[PDB]
Number of protein chains: 2
Amino acid sequence: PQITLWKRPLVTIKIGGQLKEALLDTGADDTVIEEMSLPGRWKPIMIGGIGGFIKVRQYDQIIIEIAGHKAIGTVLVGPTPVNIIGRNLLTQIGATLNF
Amino acid sequence: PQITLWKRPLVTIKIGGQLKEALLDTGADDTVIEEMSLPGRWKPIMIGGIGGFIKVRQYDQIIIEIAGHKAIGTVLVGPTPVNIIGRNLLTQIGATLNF
Ligand SMILES: CCCC[C@@H](CN[C@@H](CCCC)C(=O)N[C@@H](CCC(N)=O)C(=O)N[C@@H](CCCNC(N)=[NH2+])C(N)=O)NC(=O)[C@@H](NC(=O)[C@@H](NC(C)=O)[C@@H](C)O)[C@@H](C)CC
């Protein structure tokens, strides 16, 4: 669909078979989800944001549905202020910025 | 135009008489620009995201051209690692997310 930005671009996602709400984020390289139990092997890494760096668990090849669109890729799990869907998965669902 | 997300959606902007490169961030409520000596009155506020919060100066009615599109609104100035164009301005240039 076409989503305007007057409101935060929040969509429903399905991960680990669980429904969550996430923010479509063009300014995010990666996808970061709040702490949760996720079936899969992980590796600890650090990511950055506007205020500094935080440590997250890196899960690869995770099946996730975004607004009904399928994506299978890297999902970072950690203490993020909000669930965000980054470019790694936005490209998978064919999302583009238009103006 | 249409901007794909294979790489960071960076565009040229003009603010305070200077040209800079900024990130189109749909996951940002407001606009945060790198430290620059913008003239005029301002208000001290704090803004954040991943890693925490940072101190910035809030300027109102700032003229800013984004990728050739004129806009006018609130601009936060401070020690941000990246020039961030938020929704407050993305809506003004008619930007949408499409998939
Ligand atoms: C988590 C909060 C919501 C999403 C977030 C995404 N921001 C981009 C900004 C660009 C970097 C400064 C970001 O953090 N992107 C990260 C997301 C994490 C990730 N791993 O993708 C990123 O791409 N990080 C890269 C590196 C970015 C820096 N790059 C560089 N210096 N070359 C990384 N780690 O790979 N939004 C924000 O940070 C904005 N905050 C907000 O919109 C809200 N604040 C809060 C706390 O939620 C609102 C209430 O103010 C900031 C800019 C203030 C308006």
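A, B, ... follow the sequence lines: proteins, then strands. Residue 1 opens every chain. Values below: every heavy atom of this structure, side chains too, minus hydrogens, waters and symmetry copies. In listed order, ligands and their atoms are each counted from 1.
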*Asks:* Taking both backbone and side-chain atoms of B/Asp29, is any N or O found less than 3.5 Å from an N or O belonging to ligand 1?
*Replies:*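 B/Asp29 vs ligand 1: N/O contact under 3.5 Å present.
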*Asks:* Of all the heavy atoms in A/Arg87, does at least one lie under 4.0 Å from an atom in ligand 1?
*Replies:*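 Heavy atoms of A/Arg87 never come under 4.0 Å of ligand 1.
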*Asks:* Looking only at distances, please establish whether an N/O atom of ligand 1 is found under 3.5 Å from an N/O atom of B/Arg8.
*Replies:*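 Indeed, backbone or side chain, B/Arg8 has an N or O that close.
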*Asks:* Quick one: are A/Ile84 and B/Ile50 in side-chain contact, heavy atoms under 4.5 Å?
*Replies:*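 Yes; the side chains approach each other to less than 4.5 Å.
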*Asks:* Which atoms of ligand 1 are found less than 4.0 Å from any heavy atom of B/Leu23?
*Replies:*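 So the answer, numbered in order with elements, is 10 (C).
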*Asks:* Any atoms of ligand 1 less than 4.0 Å from a non-hydrogen atom of B/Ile50? List them with their elements.
*Replies:*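 Selected atoms, number and element: 1 (C), 17 (C), 18 (C).
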*Asks:* How far is atom 9 (C) of ligand 1 from the closest protein heavy atom, and which atom is that?
*Replies:*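 Here the closest protein heavy atom is B/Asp25 OD2, 3.3 Å.
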*Asks:* Can you tell if the side chain of A/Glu35 reaches within under 4.5 Å of the side chain of A/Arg57, non-hydrogen atoms only?
*Replies:*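 A/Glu35 vs A/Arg57: side chains touch.
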*Asks:* Within the 4.5 Å heavy-atom criterion, are B/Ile85 and B/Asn83 side-chain neighbours or not?
*Replies:*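 A side-chain contact is absent here, since even the closest heavy-atom pair is not under 4.5 Å.
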*Asks:* Does any N or O of ligand 1 fall below 3.5 Å from an N or O anywhere on A/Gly27, backbone included?
*Replies:*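 Such a contact does occur with ligand 1.
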*Asks:* In the structure I gave you, are the side-chain heavy atoms of A/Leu24 and A/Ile66 within less than 4.5 Å of one another anywhere?
*Replies:*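 Yes, at least one pair of side-chain atoms sits under 4.5 Å.
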*Asks:* Considering only protein heavy atoms, which is closest to atom 1 (C) of ligand 1, and at what distance to one decimal place?
*Replies:*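 Among all protein heavy atoms, the one nearest atom 1 (C) of ligand 1 is A/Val82 CG1, 3.6 Å.
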*Asks:* Is the ring pair A/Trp42/A/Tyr59 parallel, tilted or perpendicular, if the boundaries are 30 and 60 degrees?
*Replies:*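 The arrangement is tilted - the two ring planes meet at 30° to 60°.
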*Asks:* Does B/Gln2 have more than 12 heavy atoms from other residues, nucleotides or ligands lying within 6.0 Å of its CD?
*Replies:*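 Correct, the count exceeds 12.
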*Asks:* Consider every N or O of B/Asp30 and every N or O of ligand 1, then say whether any pair is closer than 3.5 Å.
*Replies:*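 So ligand 1 has no N or O lying under 3.5 Å from an N or O of B/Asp30.
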*Asks:* Is a side-chain N or O of A/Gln58 found less than 3.5 angstrom from the main chain of A/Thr74, in a donor-acceptor match?
*Replies:*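 Such a contact is absent between A/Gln58 side chain and A/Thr74 backbone.
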*Asks:* State if A/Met46 counts as touching ligand 1 under the rule of any non-hydrogen atom under 4.0 Å.
*Replies:*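 So A/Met46 does not count as touching ligand 1.
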*Asks:* If you measure from atom 41 (C) of ligand 1 to every heavy atom of B/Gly48, B/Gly49, A/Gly86, A/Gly48, which option wins on shortest distance?
*Replies:*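 Considering heavy atoms of B/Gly48, B/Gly49, A/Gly86, A/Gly48, the nearest to atom 41 (C) of ligand 1 sits in B/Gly48.
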*Asks:* Are A/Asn88 and A/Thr31 close enough, and set up right, to give a side chain to side chain donor-acceptor pair (under 3.5 Å), and what steps lead you there?
*Replies:* CA-CA 7 Å; A/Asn88 73 305; A/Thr31 293; 2.9 Å; yes
*Asks:* With the side chain counted from C-beta on, respond yes when B/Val56 and B/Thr80 share a heavy-atom pair under 4.5 Å apart, and no when they do not.
*Replies:*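 They are not in contact (no side-chain heavy atoms under 4.5 Å apart), so the answer is no.
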*Asks:* At what distance is the nearest protein heavy atom to atom 53 (C) of ligand 1, and which residue and atom is it?
*Replies:*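 For atom 53 (C) of ligand 1, the nearest protein heavy atom is B/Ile47 CG1, 3.4 Å.
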*Asks:* Would B/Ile84 count as a polar contact of ligand 1, with the cut-off being nitrogen or oxygen pairs under 3.5 Å?
*Replies:*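 Min N/O separation from ligand 1 is not below 3.5 Å for B/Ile84.
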*Asks:* For A/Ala28, counting its heavy atoms only, list the atoms of ligand 1 lying under 4.0 Å from any of them.
*Replies:*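 Matching atoms, with element in brackets: 15 (N), 17 (C), 21 (O), 23 (O).
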*Asks:* With no hydrogens and no angle check, do the side chains of B/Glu21 and B/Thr12 hold a donor and an acceptor under 3.5 Å apart?
*Replies:*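 Yes.
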*Asks:* Which protein non-hydrogen atom lies closest to atom 47 (O) of ligand 1, naming both residue and atom, and how far is it?
*Replies:*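 Looking only at protein heavy atoms, the one closest to atom 47 (O) of ligand 1 is A/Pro81 CB, 4.0 Å.
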